[PDB]
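Trainee: The structure follows.
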Amino acid sequence: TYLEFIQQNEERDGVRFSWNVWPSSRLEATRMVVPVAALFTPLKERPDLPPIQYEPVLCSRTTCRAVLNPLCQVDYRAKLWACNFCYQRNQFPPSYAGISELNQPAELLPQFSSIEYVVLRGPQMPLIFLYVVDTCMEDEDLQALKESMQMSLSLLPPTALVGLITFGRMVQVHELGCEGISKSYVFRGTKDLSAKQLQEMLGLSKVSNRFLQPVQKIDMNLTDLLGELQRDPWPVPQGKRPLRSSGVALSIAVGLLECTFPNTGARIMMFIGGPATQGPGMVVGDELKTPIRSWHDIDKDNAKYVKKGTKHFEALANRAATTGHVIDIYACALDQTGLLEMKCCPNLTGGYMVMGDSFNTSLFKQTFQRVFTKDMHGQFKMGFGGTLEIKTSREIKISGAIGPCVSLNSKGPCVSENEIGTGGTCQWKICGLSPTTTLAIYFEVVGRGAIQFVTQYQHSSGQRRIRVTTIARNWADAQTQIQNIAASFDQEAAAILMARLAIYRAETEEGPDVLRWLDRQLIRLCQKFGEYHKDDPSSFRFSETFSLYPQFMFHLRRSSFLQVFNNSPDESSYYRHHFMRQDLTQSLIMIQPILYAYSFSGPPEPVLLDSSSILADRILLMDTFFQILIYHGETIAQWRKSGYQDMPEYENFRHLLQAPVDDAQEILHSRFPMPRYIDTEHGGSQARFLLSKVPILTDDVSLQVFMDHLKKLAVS
Amino acid sequence: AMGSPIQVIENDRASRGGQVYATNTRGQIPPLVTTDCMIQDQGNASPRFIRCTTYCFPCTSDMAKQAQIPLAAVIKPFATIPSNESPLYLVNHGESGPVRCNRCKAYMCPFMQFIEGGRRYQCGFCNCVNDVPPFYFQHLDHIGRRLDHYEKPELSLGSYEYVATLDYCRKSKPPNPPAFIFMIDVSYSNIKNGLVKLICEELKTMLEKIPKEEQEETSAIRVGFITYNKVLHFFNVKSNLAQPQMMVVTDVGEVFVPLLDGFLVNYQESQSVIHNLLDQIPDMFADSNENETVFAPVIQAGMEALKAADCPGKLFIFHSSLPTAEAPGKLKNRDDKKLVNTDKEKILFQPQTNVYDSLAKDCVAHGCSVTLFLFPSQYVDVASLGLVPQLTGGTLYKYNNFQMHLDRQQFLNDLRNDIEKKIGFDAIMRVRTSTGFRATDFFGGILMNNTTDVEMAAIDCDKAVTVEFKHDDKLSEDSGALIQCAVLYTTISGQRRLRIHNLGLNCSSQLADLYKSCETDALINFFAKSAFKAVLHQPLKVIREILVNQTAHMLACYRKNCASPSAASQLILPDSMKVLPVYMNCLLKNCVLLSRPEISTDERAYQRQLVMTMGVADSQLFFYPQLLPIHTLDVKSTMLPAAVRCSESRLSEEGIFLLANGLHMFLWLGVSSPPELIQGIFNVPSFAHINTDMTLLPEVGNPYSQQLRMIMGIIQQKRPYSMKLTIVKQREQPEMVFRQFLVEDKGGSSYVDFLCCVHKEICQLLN
Ligand SMILES: [Zn+2]
Ligand SMILES: [Zn+2]
């Protein structure tokens with residue numbers, strides 16, 4: 001089965017391709033409509049593979065430098081191998097002498113296409129956890145956040161470095177371990193700094209400090225400090241927003257690590273409790289009369305602070321990315337905080353983004369806690385300063401990538417002239433990685449072809465490791481093997497691979513020319529791969545290898561990802577931030593929510609996302625990645641409104657009332673950004689969240705109608 | 001053969017000493033400052049508050065232009081009224097406010113004539129009639145004595161205070177109480193000489209003594225603390241902390257204060273915190289290897305803080321070395337040889353930058369007064385450092401080459417003394433005058449932005465201001481001339497108050513009367529300041545010329561106009577001006593108007609500044625130093641040994657003398673000094689034994705030493721600046737410097753060389 005193939009090469013190599021058989025000629029590739037592209041996870045959970053504690057072998061040709069893989073031809077006698085990619089002949093190292101066709105090294109084994117190595121870089125660096133804390137909030141929220149930090153501090157490795165910058169009207173860089181007198185360096189909340197200046201001013205050297213000190217040494221002092229943290233002193237006149245200098249504070253954060261610990265694992269964790277109200281990076285004014293940026297506002301050109309303040313955080317992000325550091329953002333308030341403007345920082349570095357109603361909520365306390373999830377070995381599922389390198393056979397070149405990364409602008413023979421996404425390069429730096437971190441890479445044609453994914457990173461243990469994945473896919477004569485090509489199509493993977501293409505386009509200058517672009521391809525895709533007789537729409541049929549793809553497009557075009565009008569510019573940024581990060585499974589659920597039905601009449605079941613599945617004798621559990629929703633049909637509601645479940649007779653109505661809520665719980669634990677929960681029923685003011693998840697090609701319409709205009713457009 | 005200063009002092013001491021001088025007569029001539037009599041008010045303000053260069057003005061612009069006597073008044077408003085004399089009364093005219101002339105706006109005083117049955121009055125100053133307000137109305141009596149004229153102190157006294165109503169207050173809200181900000185230079189210099197810990201340790205002690213009015217239970221003055229070394233460290237000392245927090249500001253160049261609340265706090269509430277802070281500051285910076293520092297950003301900050309608390313205040317800055325660290329306010333180490341006839345010598349007495357002058361402006365603007373305790377060890381450019389305190393109405397204490405085993409006591413007293421000083425804040429003074437003249441010039445620790453209102457951020461019992469008058473129109477020999485000196489200020493209890501001094505002087509068309517009514521000490525005081533302010537605008541040769549040409553012109557006018565026919569070989573002086581040629585010479589002999597060899601610019605600028613402030617009491621002594629003989633000292637029962645002239649020609653090799661000018665106090669020993677004394681006084685047998693260097697008060701012996709100590713005590717007693725003691729071996733030792741205070745000697749020209757020089761230009765003009 002082709003399905004068994006896909007599921008196997010994903011779990012083994014972290015890879016999911018839009019096509020698994022590739023057109024051998026640039027042109028019939030262009031008319032395949034969906035590009036040859038891959039959903040790649042560089043650090044996909046791999047407990048089975050055993051790390052090899054030795055250096056990899058790199059092909060001796062300079063432009064190539066590929067890693068030794070199973071696809072290479074080896075002559076064990078004579079100790080020689082040739083690069084598959086460049087065909088260069090290479091000798092083996094000394095220690096390899098006893099290389100035996102039976103006793104052959106790990107990475108030549110077909111099982112080891114994906115493998116990890118242990119470098120001996122030399123410096124063994126600690127982890128660096130810079131807390132940047134906002135102090136403009138209620139003592140409710142600031143106490144709760146204080147508590148959330150004190151425990152985070154307990155979970156850290158003993159060798160770890162921590163620091164504490166606090167802010168408000170002004171920015172405070174605390175001096176830690178300075179016992180008996182607490183001293184802190186204060187800066188105007190209104191004037192931006194250069195790191196160099198910050199290095200001079202904090203009285204620092206060049207390239208443990210008084211600012212960042214080991215947790216096992218500074219635990220009593222810091223935790224004590226945090227416990228003693230109180231809210232921004234300066235009072236807030238009536239009808240006014242506080243003076244919050246979100247912008248400068250971060251700039252000082254990024255600086256402080258730029259000039260003490262450049263190029264090493266660090267995570268700037270900024271917690272904000274409101275919008276920036278005093279620039280740079282200012283997001284809104286300091287009088288409440290003027291509500292914050294709204295999509296409509298921002299569209300009618302009535303949001304003055306979006307262009308200016310965005311270009312600020314956009315510079316910080318790339319400043320943070322240049323030095324290998326992560327910027328998390330943790331935003332909790334009853335209104336917006338400017339995630340739209342600060343989105344680049346989580347986005348370009350490997351940062352986390354968390355959004356909530358307040359810090360004093362389960363939603364946050366739990367979300368924050370997870371971020372320090374440990375593996376079996378007691379180390380974080382984190383990775384830092386990864387560097388991704390992709391090599392391709394000659395026929396293939398790279399357009400670019402879309403995901404959490406930054407271009408190193410390494411030119412190479414593997415670099416295509418026509419670039420997509422982050423392009424014109426064959427190396428990206430991924431500042432923060434998680435076993436979930438997933439990039440879209442976009443290839444371009446110009447016997448098998450091969451692509452090698454090499455990822456060096458900083459494992460949480462501080463061990464510098466390298467991971468290599470080499471995958472191959474077959475070439476096909478498109479004038480002969482069209483079926484062999486159309487057979488290899490990943491409707492699931494191609495769909496996501498399009499989504500990000502579409503969504504990344506909706507950040508660049510293009511207007512609603514995307515619903516347009518996204519349908520033109522969907523119609524093309526039908527035309528090339530659909531079975532029909534001209535003009536017999538009723539005629540149209542799709543292979544089981546394609547039949548789901550237009551239902552995906554229907555759901556994608558009507559989602560919160562593209563229809564951003566009904567959301568806060570911060571929401572929309574937060575949805576998009578998680579989607580571009582995600583592997584295929586999650587990515588899929590986001591775009592098309594999983595719905596389950598619970599009835600007396602049989603076990604729980606996946607049902608269609610149609611109104612037709614909403615029944616009054618049925619309980620529904622909708623599972624958008626972001627939110628978990630439980631729906632009681634009209635009849636089961638009244639049964640629950642009448643108290644029957646409690647009675648000992650109706651044991652079975654007790655259990656149907658529990659089974660969704662049981663599953664709701666599981667999902668509320670394994671998922672990292674804990675999902676909002678909803679308990680609603682027929683007529684619930686919150687039933688709307690369900691009914692809503694259930695020329696342009698069409699005006700918004702029903703699924704069946706959607707297909708109709710498509711069919712009749714395909715066949716013409 | 002001339003009447004010596006000391007003959008003149010002692011003469012008037014004999015004639016008027018220990019007698020009550022009551023000011024009830026217009027244009028009376030008060031005793032000289034050098035006479036300890038008793039004063040009773042009764043009409044015209046005490047001469048402890050105000051003295052004039054003449055107590056009889058000329059009545060025509062020409063007549064004044066003829067005699068070239070400067071008309072001027074030395075005013076020392078907050079002067080300490082002595083224990084056996086009457087305190088000021090606090091008058092209160094209710095919601096309306098103090099009564100005033102409608103036209104000149106003069107305050108109700110004794111010079112107000114009541115007419116028409118007490119319904120109306122006519123101002124003395126402008127001859128305008130005002131309506132007596134209903135609440136204040138009263139019945140004239142026989143002659144309009146306005147029965148109650150002896151009961152209400154605004155009607156019968158020269159000096160009293162008014163209670164100030166809200167329209168006398170910034171923003172028409174009752175002013176806040178002030179605060180002291182304590183600012184320590186904690187660089188390497190000052191951690192080494194042991195100074196920082198001195199300052200922190202003593203202070204713990206001192207703060208207690210901050211003043212409070214008698215009507216309140218605790219001082220309302222708040223206190224704050226900052227320490228800087230090219231970067232500024234602020235401290236939080238709020239009532240609720242067991243530990244004080246520090247917040248460093250590194251962005252000098254755009255300084256700011258990092259906090260509100262915790263910076264200025266009631267000392268008593270936050271006592272324990274503050275001691276814990278003051279315990280730690282010395283240690284805190286113990287391994288400071290810093291060298292450069294910043295100055296202006298410190299004043300800047302202090303001012304910004306008192307702005308933020310919305311209160312006037314006083315900055316107590318302790319600083320060591322030339323501020324060289326790059327910040328606005330940097331002073332380069334530049335001194336130049338541009339100072340004899342250069343005409344640019346004026347550049348040396350000016351600040352280097354344009355930031356000090358404006359900054360001074362910012363402070364006064366917000367009622368901030370800065371005081372500077374400076375501990376130099378090299379050129380420090382006092383011209384610039386001391387600019388702000390001078391304009392801001394504060395003080396400059398300067399301790400050269402300070403060493404802890406000597407000047408520890410000098411310093412500790414001055415800090416004690418400056419703290420406990422009676423003070424006033426955010427004051428503005430203006431000096432009203434009767435029809436016929438106006439105050440056209442001022443000289444003091446002051447800052448003026450128009451031509452009428454003398455602004456003084458702070459004012460203390462010690463600072464004085466000389467006010468120069470010219471002629472508008474004409475003065476009548478019936479009216480005389482009037483002055484009403486009035487000072488708006490804010491007390492340490494946060495009340496707006498109005499101190500008022502009224503003086504009445506005679507006027508005359510007969511040139512004789514002019515010279516009969518002059519005071520030398522006051523005239524010297526005006527000349528000195530008038531000259532010293534000119535240093536900043538004109539060449540010192542031009543300055544001195546103007547001074548001599550106006551000395552001779554004075555005596556030449558009195559020669560050819562009130563001099564009974566006497567031979568042309570004589571120099572005829574009036575009696576008020578016996579000693580004026582002598583003193584005038586000494587002013588010109590003083591380094592501020594003289595030359596570089598052996599004096600720094602710093603010593604010159606320091607002297608230039610100190611004087612401006614001076615009272616008449618202080619300007620007397622500074623130019624004509626007191627020289628006491630101690631070998632001939634009586635064992636018991638006498639107040640002091642009489643004074644002797646200031647010349648090496650009164651010194652005995654068998655002798656022991658004491659010379660003081662108000663800042664230095666020398667003890668001088670003849671080579672042949674009588675070893676009996678050398679043992680009681682110093683407890684060492686031999687002149688050979690004693691060390692100039694070990695200048696520390698001497699512990700023991702009771703026959704003398706104690707006699708000596710007390711008199712030195714008698715000497716210190718009324719001076720603001722405790723005086724650096726300097727022991728002097730008689731020959732081949734330093735005395736070279738001591739010599740400089742022997743002022744009737746040559747050293748420019750001597751007394752008998754200038755008395756010769758003036759008689760040449762006196763005869764240059766003839767008839
Ligand atoms: Zn190669
Ligand atoms: Zn008047």
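Residues in the structure tokens are numbered from 1 in each chain, the chains being A, B, ... in the order shown, and ligands are numbered from 1 in the order shown.
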Kindly provide, as a ChimeraX atom specification, all nucleotide and amino acid residues lying within 8 Å of ligand 2, counting only C-alpha atoms and all ligand atoms.
Mentor: /B:100-107,122-128
Trainee: Output N, CA and C atoms for every residue in the selection just made, as a tab-separated table (two decimals), in the first residue's frame.
Mentor:
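Output file selection.tsv follows:
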chain	number	residue	atom	x	y	z
B	100	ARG	N	-1.35	97.08	51.34
B	100	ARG	CA	-0.28	97.62	50.47
B	100	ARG	C	-0.60	98.94	49.79
B	101	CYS	N	0.40	99.72	49.39
B	101	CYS	CA	0.11	100.97	48.69
B	101	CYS	C	-0.41	100.48	47.39
B	102	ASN	N	-1.39	101.14	46.83
B	102	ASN	CA	-1.90	100.69	45.55
B	102	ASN	C	-0.94	100.88	44.41
B	103	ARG	N	-0.23	101.99	44.40
B	103	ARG	CA	0.68	102.30	43.31
B	103	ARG	C	2.10	101.76	43.30
B	104	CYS	N	2.85	101.94	44.39
B	104	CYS	CA	4.20	101.42	44.43
B	104	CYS	C	4.17	99.97	44.81
B	105	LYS	N	3.04	99.61	45.51
B	105	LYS	CA	2.82	98.32	46.15
B	105	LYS	C	3.65	98.09	47.41
B	106	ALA	N	3.99	99.18	48.10
B	106	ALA	CA	4.75	99.08	49.34
B	106	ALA	C	3.90	98.53	50.48
B	107	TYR	N	4.54	97.70	51.30
B	107	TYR	CA	3.90	97.05	52.43
B	107	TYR	C	3.68	98.02	53.57
B	122	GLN	N	-1.62	107.88	53.07
B	122	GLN	CA	-0.80	108.33	51.96
B	122	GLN	C	0.54	107.63	52.01
B	123	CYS	N	0.96	106.94	50.96
B	123	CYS	CA	2.21	106.22	51.07
B	123	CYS	C	3.32	107.20	51.19
B	124	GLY	N	4.29	106.86	52.02
B	124	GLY	CA	5.50	107.62	52.13
B	124	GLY	C	6.31	107.52	50.87
B	125	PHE	N	6.37	106.33	50.30
B	125	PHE	CA	7.20	106.15	49.12
B	125	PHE	C	6.75	106.88	47.88
B	126	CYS	N	5.45	106.86	47.58
B	126	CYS	CA	4.97	107.53	46.39
B	126	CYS	C	3.97	108.62	46.56
B	127	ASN	N	3.66	108.97	47.79
B	127	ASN	CA	2.77	110.08	48.01
B	127	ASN	C	1.40	109.88	47.42
B	128	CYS	N	0.95	108.64	47.41
B	128	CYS	CA	-0.34	108.31	46.87
B	128	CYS	C	-1.23	107.92	48.00
Trainee: Can I get the residues of chain A within 10 Å of ligand 1, each with the closest pair of atoms and their distance in Å to one decimal, using only C-alpha atoms and all ligand atoms, sorted chain first then ascending number, as JSON lines?
Mentor:
{"residue": "A:58", "atom": "CA", "partner": "ligand 1", "partner_atom_place_in_ligand_line": "1 (Zn)", "distance": 7.3}
{"residue": "A:59", "atom": "CA", "partner": "ligand 1", "partner_atom_place_in_ligand_line": "1 (Zn)", "distance": 4.4}
{"residue": "A:60", "atom": "CA", "partner": "ligand 1", "partner_atom_place_in_ligand_line": "1 (Zn)", "distance": 6.7}
{"residue": "A:61", "atom": "CA", "partner": "ligand 1", "partner_atom_place_in_ligand_line": "1 (Zn)", "distance": 5.5}
{"residue": "A:62", "atom": "CA", "partner": "ligand 1", "partner_atom_place_in_ligand_line": "1 (Zn)", "distance": 7.8}
{"residue": "A:63", "atom": "CA", "partner": "ligand 1", "partner_atom_place_in_ligand_line": "1 (Zn)", "distance": 7.6}
{"residue": "A:64", "atom": "CA", "partner": "ligand 1", "partner_atom_place_in_ligand_line": "1 (Zn)", "distance": 4.3}
{"residue": "A:65", "atom": "CA", "partner": "ligand 1", "partner_atom_place_in_ligand_line": "1 (Zn)", "distance": 5.0}
{"residue": "A:66", "atom": "CA", "partner": "ligand 1", "partner_atom_place_in_ligand_line": "1 (Zn)", "distance": 4.8}
{"residue": "A:67", "atom": "CA", "partner": "ligand 1", "partner_atom_place_in_ligand_line": "1 (Zn)", "distance": 7.7}
{"residue": "A:68", "atom": "CA", "partner": "ligand 1", "partner_atom_place_in_ligand_line": "1 (Zn)", "distance": 8.9}
{"residue": "A:82", "atom": "CA", "partner": "ligand 1", "partner_atom_place_in_ligand_line": "1 (Zn)", "distance": 7.7}
{"residue": "A:83", "atom": "CA", "partner": "ligand 1", "partner_atom_place_in_ligand_line": "1 (Zn)", "distance": 4.5}
{"residue": "A:84", "atom": "CA", "partner": "ligand 1", "partner_atom_place_in_ligand_line": "1 (Zn)", "distance": 6.8}
{"residue": "A:85", "atom": "CA", "partner": "ligand 1", "partner_atom_place_in_ligand_line": "1 (Zn)", "distance": 5.4}
{"residue": "A:86", "atom": "CA", "partner": "ligand 1", "partner_atom_place_in_ligand_line": "1 (Zn)", "distance": 4.4}
{"residue": "A:87", "atom": "CA", "partner": "ligand 1", "partner_atom_place_in_ligand_line": "1 (Zn)", "distance": 6.4}
{"residue": "A:88", "atom": "CA", "partner": "ligand 1", "partner_atom_place_in_ligand_line": "1 (Zn)", "distance": 5.8}
{"residue": "A:89", "atom": "CA", "partner": "ligand 1", "partner_atom_place_in_ligand_line": "1 (Zn)", "distance": 8.5}
{"residue": "A:90", "atom": "CA", "partner": "ligand 1", "partner_atom_place_in_ligand_line": "1 (Zn)", "distance": 8.8}
{"residue": "A:391", "atom": "CA", "partner": "ligand 1", "partner_atom_place_in_ligand_line": "1 (Zn)", "distance": 9.2}
{"residue": "A:393", "atom": "CA", "partner": "ligand 1", "partner_atom_place_in_ligand_line": "1 (Zn)", "distance": 9.8}
Trainee: Export C-alpha atoms of the chosen residues as an mmCIF file, in the first residue's frame?
Mentor:
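Final output, saved to again-v4.cif:
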data_model
loop_
_atom_site.group_PDB
_atom_site.id
_atom_site.type_symbol
_atom_site.label_atom_id
_atom_site.label_comp_id
_atom_site.auth_asym_id
_atom_site.auth_seq_id
_atom_site.Cartn_x
_atom_site.Cartn_y
_atom_site.Cartn_z
ATOM 1 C CA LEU A 58 31.768 14.561 4.472
ATOM 2 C CA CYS A 59 32.454 14.221 0.768
ATOM 3 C CA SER A 60 35.855 15.745 0.064
ATOM 4 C CA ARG A 61 34.498 17.990 -2.730
ATOM 5 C CA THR A 62 34.102 21.503 -1.340
ATOM 6 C CA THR A 63 30.844 22.614 -3.020
ATOM 7 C CA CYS A 64 29.206 19.349 -2.096
ATOM 8 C CA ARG A 65 30.335 18.196 1.346
ATOM 9 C CA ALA A 66 27.448 15.697 1.624
ATOM 10 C CA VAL A 67 27.310 13.153 4.445
ATOM 11 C CA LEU A 68 27.954 9.401 4.005
ATOM 12 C CA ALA A 82 31.856 7.844 -4.042
ATOM 13 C CA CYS A 83 29.496 10.732 -3.311
ATOM 14 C CA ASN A 84 26.095 9.841 -4.760
ATOM 15 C CA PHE A 85 25.315 13.527 -5.096
ATOM 16 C CA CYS A 86 28.484 14.749 -6.806
ATOM 17 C CA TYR A 87 30.059 11.388 -7.775
ATOM 18 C CA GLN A 88 33.413 12.365 -6.197
ATOM 19 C CA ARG A 89 35.500 9.385 -5.006
ATOM 20 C CA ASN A 90 36.390 9.518 -1.291
ATOM 21 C CA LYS A 391 21.672 18.989 -0.477
ATOM 22 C CA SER A 393 20.923 15.705 -6.737
#
Trainee: Could you build a table of the residues in chain A lying no more than 7 Å from chain B, giving for each the nearest pair of atoms and their separation in Å rounded to one decimal place, using only C-alpha atoms, ordered by chain and ascending residue number, as a tab-separated table?
Mentor:
residue	atom	partner	partner_atom	distance
A:181	CA	B:245	CA	6.1
A:182	CA	B:245	CA	5.3
A:183	CA	B:246	CA	4.7
A:184	CA	B:247	CA	5.1
A:185	CA	B:248	CA	4.8
A:186	CA	B:249	CA	5.6
A:187	CA	B:249	CA	6.9
A:201	CA	B:250	CA	5.8
Trainee: Just the number, please: distance in Å from CA of residue 705 in chain A to CA of residue 551 in chain A, one decimal.
Mentor: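 Between these atoms lies a distance of 11.4 Å.
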Trainee: Using DSSP assignments from the backbone, pull out every residue in range 313-479 of chain B that falls under strand (DSSP E or B) and give it to me as a PyMOL selection string.
Mentor: chain B and resi 313-319+368-374+396-398+423-433+437-443+447+454-460+465-471
